[PDB]
Amino acid sequence: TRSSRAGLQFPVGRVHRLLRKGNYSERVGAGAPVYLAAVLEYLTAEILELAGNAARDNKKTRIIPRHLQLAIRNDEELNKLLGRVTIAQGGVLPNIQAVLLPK
Amino acid sequence: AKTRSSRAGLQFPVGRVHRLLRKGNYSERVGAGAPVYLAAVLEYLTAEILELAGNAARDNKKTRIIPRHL
Amino acid sequence: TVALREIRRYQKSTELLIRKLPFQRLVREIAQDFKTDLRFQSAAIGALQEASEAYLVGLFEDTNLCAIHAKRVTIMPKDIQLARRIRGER
Amino acid sequence: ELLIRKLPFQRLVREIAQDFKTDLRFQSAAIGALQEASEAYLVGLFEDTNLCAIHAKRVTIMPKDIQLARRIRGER
Amino acid sequence: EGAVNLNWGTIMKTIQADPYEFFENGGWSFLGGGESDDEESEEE
Amino acid sequence: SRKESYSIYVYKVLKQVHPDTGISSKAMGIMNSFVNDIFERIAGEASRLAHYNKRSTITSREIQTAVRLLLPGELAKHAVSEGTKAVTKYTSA
Amino acid sequence: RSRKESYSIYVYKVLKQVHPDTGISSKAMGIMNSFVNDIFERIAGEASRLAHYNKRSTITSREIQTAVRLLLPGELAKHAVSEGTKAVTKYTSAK
Amino acid sequence: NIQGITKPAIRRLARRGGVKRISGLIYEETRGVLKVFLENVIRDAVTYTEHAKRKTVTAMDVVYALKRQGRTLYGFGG
Amino acid sequence: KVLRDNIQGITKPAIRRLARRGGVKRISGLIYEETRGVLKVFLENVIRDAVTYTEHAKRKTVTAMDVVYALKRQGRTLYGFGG
Amino acid sequence: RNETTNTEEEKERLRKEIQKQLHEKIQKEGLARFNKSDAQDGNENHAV
């Protein structure tokens with residue numbers, strides 16, 4: 001496969017077909033889908049790493065949307081990247097303002 | 001009525017809009033009335049804007065429309 | 001004190017805070033003003049409820065920020081209007 | 001008419017551009033567009049700051065109003 | 001209508017000092033921005 | 001080089017609307033930018049709809065519903081009426 | 001029947017590559033699939049706009065790299081470009 | 001059907017938003033804001049549905065209408 | 001020649017004029033520095049993209065269209081300079 | 001729509017014509033209220 005030749009797990013043929021059928025350009029070079037698959041694989045690996053850390057922090061062995069929301073909103077770069085997206089069943093970060101705390 | 005603008009009673013260029021829609025990588029095919037409809041909308045919107053810009057330039061006793069009036 | 005207990009309790013959970021049937025009835029009432037005999041998949045209503053609650057919670061966070069800026073604990077309609085104006089919504 | 005002086009602004013733009021690639025050239029219209037965008041942005045920000053300052057029953061704008069405005073806008 | 005906020009506290013003191021001279025000149029006409037009364041013709 | 005712009009068409013529209021008014025060069029630059037921007041918005045949204053519905057052609061329905069999405073109420077109504085009128089008369093002719 | 005595609009198996013493989021003793025719910029797998037599709041759409045739209053700006057008919061790896069640089073923040077973009085270049089060179093070196 | 005958004009529900013939404021004290025007009029203000037939001041979103045969704053020549057509003061229409069506003073939602077097939 | 005600390009070219013009367021156009025009547029003295037920092041962060045964000053476009057076109061001059069695309073990417077569409 | 005914007009803008013020409021009549025009316029009103037004799041009798045508010 002073309003994923004094996006690049007030492008990847010994401011599909012190269014599928015991504016090339018989606019780029020081909022997406023009305024992006026007249027022709028598509030062969031180094032674009034490999035690079036884009038590598039980027040997507042890196043980003044999903046980062047996301048899943050932080051979400052697994054967050055799920056272990058809660059002592060769970062399965063990732064739920066709550067852990068994805070915590071991983072996203074807790075990482076500065078990801079939270080800047082995913083700044084407009086809302087995650088169903090993600091909730092909010094625990095945040096109580098300083099002046100509202102009791103005395 | 002040779003030009004397609006005349007056949008539609010328009011002032012914007014139907015042929016140029018057709019060329020840009022085709023040589024623009026939007027979809028595999030283009031209709032025959034999509035350029036006409038879009039040119040009509042664009043001409044209407046420009047007229048809408050120019051009416052109020054003329055009003056504002058006439059409220060300032062000016063003959064020339066400038067970015068201030070837009 | 002119960003206010004803070006509730007704040008802690010609701011920033012922990014993720015379950016929808018609006019009852020399902022009232023929201024469905026509201027959605028159908030609103031939709032009936034654009035086209036009669038419209039059908040909604042249950043997932044469409046669920047997505048709408050998630051988006052509406054997320055929007056309202058973000059708005060309430062901005063409102064709380066405005067209220068604290070004015071040195072008040074109590075959020076007021078003028079705070080909401082100011083937050084919506086600064087966002088660029090009104 | 002633009003309020004920031006044109007040549008100091010040019011020097012500022014060049015100084016900032018000196019980090020991303022050494023010895024860049026700029027079109028004049030590029031600097032003009034940058035100044036227009038910057039002044040429009042700052043005027044909008046001062047509008048929001050004035051709104052916040054009036055909200056606080058004041059008339060003087062203070063840095064915390066700017067901070068609140070940039071927070072609500074979603075600025076980092 | 002005007003693009004700028006006016007100093008009404010100075011304007012009203014000038015008008016109070018001589019209301020007659022104010023109307024003699026043209027009165028409230030100065031508020032209409034600039035009375036150039038000429039084609040801008042900015043386009044070359 | 002022959003650069004393309006909508007300047008002559010804006011002159012035509014202006015004389016149609018305001019025979020005794022003129023436009024500066026900068027206002028024409030702004031108008032050209034506006035026309036290009038609106039074309040880009042509408043074509044992109046039409047493409048998005050065509051892909052959403054697994055279609056490979058942009059017909060006047062896609063453009064009509066794009067106008068419905070983009071423009072506000074009265075503006076959408078008048079622009080839809082104008083476009084349908086023009087398309088009908090171009091078809092008839 | 002309806003043979004519709006997704007990224008679930010690849011996300012699962014990546015998860016087991018990074019976290020072996022951790023599972024994922026179906027709703028989170030759906031969210032991750034939506035996330036992948038979104039990021040794909042953003043990158044492809046930026047690449048298309050860049051190609052049309054530069055008057056080219058082809059989407060190559062240069063467009064993808066510069067779209068990544070435009071879209072992602074500094075360290076994230078740097079690591080992603082590193083990964084992409086590594087993968088492209090490893091794929092090109094072999095055949 | 002706008003009365004169905006009761007006062008306790010708005011209180012709950014404000015408590016998850018960290019709000020400690022609530023005025024009495026906040027409820028009507030929030031109902032108005034929610035009505036405006038829902039009106040816009042449902043109008044866009046119904047536009048999508050009519051274009052697709054359907055009589056049922058799908059989850060895809062809602063997701064595309066939120067993407068249109070900039071409120072991208074994950075986990076509904078996007 | 002290297003440019004060093006030219007942020008102070010945004011003089012205090014200039015910031016005051018920008019505030020007056022914004023409708024501000026009384027201005028605190030810490031504003032001017034606040035504003036300066038804000039402006040820096042803005043320009044650094046816009047220029048980094050404009051330069052990214054300029055470098056991708058394999059050019060050495062930053063053109064007006066590069067700035068226009070950089071602004072358009074942030075939802076800052078600018079009419080008057082092309083588009 | 002073009003005939004309605006023409007109609008609305010002709011109502012706006014009447015709006016402008018009314019506004020012009022109002023400015024001319026107030027100019028004359030002020031000229032009548034203030035005479036050159038009142039200007040000669042200037043109650044200078046010498047500080048009391």
# chains A, B, ... in the order shown; residues from 1 in each chain; ligands from 1

call {"tool": "select_by_dssp", "arguments": {"residues": "chain G", "states": "strand (DSSP E)", "output": "JSON, numbers by chain"}}
result
{"G": [23, 24, 58, 59]}

call {"tool": "residues_around", "arguments": {"residues": "residue B:22", "least_positions_apart": "5", "cutoff": "12 Å", "atoms": "only C-alpha atoms", "output": "PyMOL selection string"}}
result
(chain A and resi 23+26) or (chain B and resi 15-17+27-32+34-35) or (chain F and resi 43+47+57-58)

call {"tool": "interface_residues", "arguments": {"of": "chain F", "to": "chain A", "cutoff": "12 Å", "atoms": "only C-alpha atoms", "output": "ChimeraX atom specification"}}
result
/F:44,47-48,50-52,54-57

call {"tool": "write_last_selection", "arguments": {"atoms": "N, CA and C atoms", "output": "short mmCIF file (atom, residue, chain, number, x, y, z; two decimals), in the first residue's frame"}}
result
data_model
loop_
_atom_site.label_atom_id
_atom_site.label_comp_id
_atom_site.auth_asym_id
_atom_site.auth_seq_id
_atom_site.Cartn_x
_atom_site.Cartn_y
_atom_site.Cartn_z
N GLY F 44 -18.33 30.22 -3.58
CA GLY F 44 -17.92 29.26 -2.58
C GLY F 44 -19.09 28.58 -1.90
N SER F 47 -20.64 26.08 -4.33
CA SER F 47 -19.83 24.87 -4.38
C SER F 47 -20.06 24.02 -3.14
N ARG F 48 -20.13 24.66 -1.97
CA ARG F 48 -20.37 23.92 -0.75
C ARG F 48 -21.70 23.18 -0.79
N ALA F 50 -23.30 22.23 -3.55
CA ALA F 50 -23.22 21.18 -4.56
C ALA F 50 -22.52 19.96 -4.01
N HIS F 51 -21.45 20.17 -3.24
CA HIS F 51 -20.76 19.04 -2.63
C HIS F 51 -21.61 18.42 -1.53
N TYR F 52 -22.32 19.23 -0.75
CA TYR F 52 -23.19 18.68 0.28
C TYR F 52 -24.23 17.74 -0.32
N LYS F 54 -23.98 16.08 -3.25
CA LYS F 54 -23.41 15.16 -4.22
C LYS F 54 -23.83 15.53 -5.64
N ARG F 55 -23.65 16.80 -5.98
CA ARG F 55 -23.93 17.29 -7.32
C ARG F 55 -22.67 17.85 -7.95
N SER F 56 -22.62 17.83 -9.28
CA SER F 56 -21.48 18.33 -10.03
C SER F 56 -21.88 19.43 -11.00
N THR F 57 -22.89 20.22 -10.65
CA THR F 57 -23.32 21.32 -11.51
C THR F 57 -23.90 22.42 -10.64
#

call {"tool": "interface_residues", "arguments": {"of": "chain F", "to": "chain E", "cutoff": "12 Å", "atoms": "only C-alpha atoms", "output": "list in words"}}
result
residues 20, 21, 22, 23, 24, 25, 26, 27, 28 and 29 of chain F

call {"tool": "closest_residue", "arguments": {"among": "H:11, H:51, H:67, H:31", "to": "chain A", "atoms": "only C-alpha atoms"}}
result
H:67

call {"tool": "decode", "arguments": {"residues": "stretch 11-32 of chain C", "atoms": "N, CA and C atoms", "output": "compact mmCIF listing (two decimals), in the first residue's frame"}}
result
# COMPACT_ATOMS: atom_id res chain seq x y z
N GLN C 11 -20.53 22.49 37.03
CA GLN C 11 -19.34 22.51 36.20
C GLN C 11 -18.68 21.14 36.13
N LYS C 12 -19.14 20.19 36.94
CA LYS C 12 -18.65 18.82 36.88
C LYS C 12 -19.43 17.98 35.88
N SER C 13 -20.76 18.08 35.89
CA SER C 13 -21.58 17.24 35.03
C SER C 13 -21.61 17.80 33.61
N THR C 14 -22.09 16.96 32.69
CA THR C 14 -22.24 17.33 31.29
C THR C 14 -23.66 17.15 30.77
N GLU C 15 -24.58 16.67 31.60
CA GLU C 15 -25.92 16.36 31.15
C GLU C 15 -26.71 17.63 30.83
N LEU C 16 -27.63 17.49 29.88
CA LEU C 16 -28.40 18.63 29.39
C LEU C 16 -29.31 19.17 30.48
N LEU C 17 -29.32 20.49 30.65
CA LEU C 17 -30.02 21.12 31.76
C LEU C 17 -31.43 21.58 31.41
N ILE C 18 -31.82 21.47 30.15
CA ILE C 18 -33.18 21.76 29.71
C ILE C 18 -33.93 20.45 29.50
N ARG C 19 -35.20 20.43 29.89
CA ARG C 19 -36.05 19.28 29.66
C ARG C 19 -36.33 19.13 28.17
N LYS C 20 -36.44 17.88 27.73
CA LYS C 20 -36.36 17.61 26.30
C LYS C 20 -37.64 18.05 25.60
N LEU C 21 -38.78 17.70 26.18
CA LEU C 21 -40.07 18.01 25.56
C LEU C 21 -40.32 19.50 25.44
N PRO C 22 -40.07 20.33 26.47
CA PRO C 22 -40.23 21.78 26.28
C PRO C 22 -39.37 22.32 25.15
N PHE C 23 -38.14 21.83 25.03
CA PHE C 23 -37.27 22.33 23.97
C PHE C 23 -37.77 21.87 22.60
N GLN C 24 -38.28 20.65 22.52
CA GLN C 24 -38.84 20.17 21.27
C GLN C 24 -40.06 20.98 20.87
N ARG C 25 -40.94 21.26 21.83
CA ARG C 25 -42.11 22.09 21.56
C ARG C 25 -41.73 23.49 21.13
N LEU C 26 -40.71 24.07 21.77
CA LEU C 26 -40.26 25.39 21.36
C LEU C 26 -39.70 25.37 19.95
N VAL C 27 -38.93 24.34 19.62
CA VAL C 27 -38.35 24.24 18.29
C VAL C 27 -39.44 24.11 17.24
N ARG C 28 -40.44 23.27 17.51
CA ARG C 28 -41.53 23.10 16.55
C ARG C 28 -42.36 24.37 16.43
N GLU C 29 -42.59 25.07 17.53
CA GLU C 29 -43.31 26.34 17.47
C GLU C 29 -42.58 27.34 16.59
N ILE C 30 -41.26 27.45 16.77
CA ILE C 30 -40.49 28.38 15.97
C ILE C 30 -40.49 27.95 14.50
N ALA C 31 -40.27 26.66 14.25
CA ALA C 31 -40.17 26.17 12.88
C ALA C 31 -41.48 26.32 12.13
N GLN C 32 -42.60 26.25 12.85
CA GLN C 32 -43.90 26.33 12.20
C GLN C 32 -44.15 27.70 11.58
